[PDB]
Ligand SMILES: *C/C=C(C)/C=C/C=C(C)/C=C/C1=C(C)CCCC1(C)C
Ligand SMILES: CCCCCCCC/C=C\CCCCCCCC(=O)O
Ligand SMILES: [Cl-]
Ligand SMILES: [Cl-]
C-alpha cells in the first residue's frame, strides 16, 4: 500500500537510504548520552524536560533502527538492482511512534514554559488530543498513497486542521508565557517556536511525496526529509529545550546549573 513497494532500487538509492537511517540512529543515541550527563545540572522543576529528551532519543533512535533493519530485510540485490523480497517496508510504523514521541516533545516545552498544576494538565491534554487527531488521520491517509491519492489528500487536509490548531495552542502558550522565563530564555523560546514550525512542517511535505514525486527518487527524497525533520524536531529542539532548562535553573539559583555554565 506504500509507494516504496512499487519500485526496484539502484545500489546507490538503496545504500543511501540505509546510510540515512543508520546515521539517524547514531545521532539520536549520541545525543542521548549528552542529555543524560547534563541532566544533573538541571533544577528539579525542569529536570523532567531533559529526561523527556532522553526518552525521545531512544524512541526515535529505535524507530530509525527498526526502519533500517526492515529496509535491509525487505530488499535483496537481484539481477542488478535491489528488489522486494518476502518481508515488507513501510513508513506506517513512524506514525505509530509519533503517538508517543510528539506528546513527549510537547510536554517538555510546557515544562520550560513554567506551566504548572491545572494549566499544565489541561494544556497537555488538549495538545495531546490535537496531536493524536493529526497523527491518526494522517496514518489513515497514507494507507491510500498508492491506491487513492484523492483520499490521501482529503485525510491530509483533516490532519492539517489538527496540525494548525495544535500549533496555535503551542504559539499561544509560548508567546503568553514568554514573560515568565528567566535568564534571557524569553528570547530563546521564541526561536524554539519557529524551529517547531519549520521542522514539523517537513512531515506533511514528506506525506505528499507520493502525489508530486511517485518514483524511486521520491522514496529517497521522503527519507531525506524525515532525516532533516527528525534531527531538527528532536535533537536540535531537545538541545534548545535543555539549554533553556539549564539557563532558567541557574537564574533560579540552582548551583550545579550555575557551576556548569561557569565552566563554559
Ligand atoms: C519527531 C516527529 C515529529 C515531530 C513528527 C511530526 C509529525 C507531523 C507534524 C505530521 C503532520 C502531518 C500532517 C500535518 C498532514 C499529513 C499527515 C501528517 C501526520 C504527516
Ligand atoms: C539538520 C540537517 C541534517 C541533514 C541530514 C542529511 C545529511 C545527508 C544529506 C544528503 C546529501 C545529498 C546526498 C546526494 C544524494 C544522491 C542521490 C542518490 O544517490 O540517490
Ligand atoms: Cl527546582
Ligand atoms: Cl519518532
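Relative contact order of the chain, taken over Cα pairs closer than 8 Å and 6 or more residues apart, is 27 percent. Annotation: for a label point projected 7 angstrom from Cα along Cα→Cβ of residue 149, residues of the range 1-29 with backbone N closer than 19 Å are 1-8.
What separates the Cα centres of the range 42-121 and the range 124-173 is a distance of 17 Å. As a calculated quantity, the FRET efficiency between residue 121 and residue 182 at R0 = 25 Å, using C-beta atoms, amounts to about 0.65. Compared with the dominant Cα axis of the chain, that is its longest principal axis, helix 117-142 is turned about 10°.
For residue 169 and residue 140, compute 0.36 nm times the residue count separating them, minus their Cα-Cα distance, and round to one decimal in nm.
Numbers: separation 29, 0.36 × 29 = 10.44 nm, distance 2.40 nm.
Roughly 8.0 nm would be gained on extension.
Per-peptide packing, taken as the mean over residues of other Cβ atoms within 10 Å, places 243-252, 16-25 in the sequence 243-252, 16-25 from highest down.
Helix-derived [θ] at 222 nm for the chain: sum -39500 (n - 2.57) over DSSP H runs of at least 4, divide by residue count, nearest 500?
Values: 10 runs with 201 residues, N = 264.
Result for the chain: -26000 deg cm²/dmol, rounded to the nearest 500.
In this structure, residue 77 and residue 205 have a Cβ-Cβ separation that, at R0 = 45 Å, corresponds to a calculated FRET efficiency of about 0.90. For the range 1-68, averaging the sequence separation of C-alpha pairs within contact (under 8 Å, six or more residues apart) and dividing by the residue count gives a relative contact order of 42 percent.
Calculated translational diffusion coefficient of the chain (20 °C, 1.002 mPa s; Stokes-Einstein with Kirkwood radius over alpha-carbon pairs) equals 110 µm²/s.
Cβ atoms come from the backbone with ideal geometry, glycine included; neighbour counts cover every protein chain shown. Just so you know, all these numbers are worked out from the coordinates, no wet-lab data involved.
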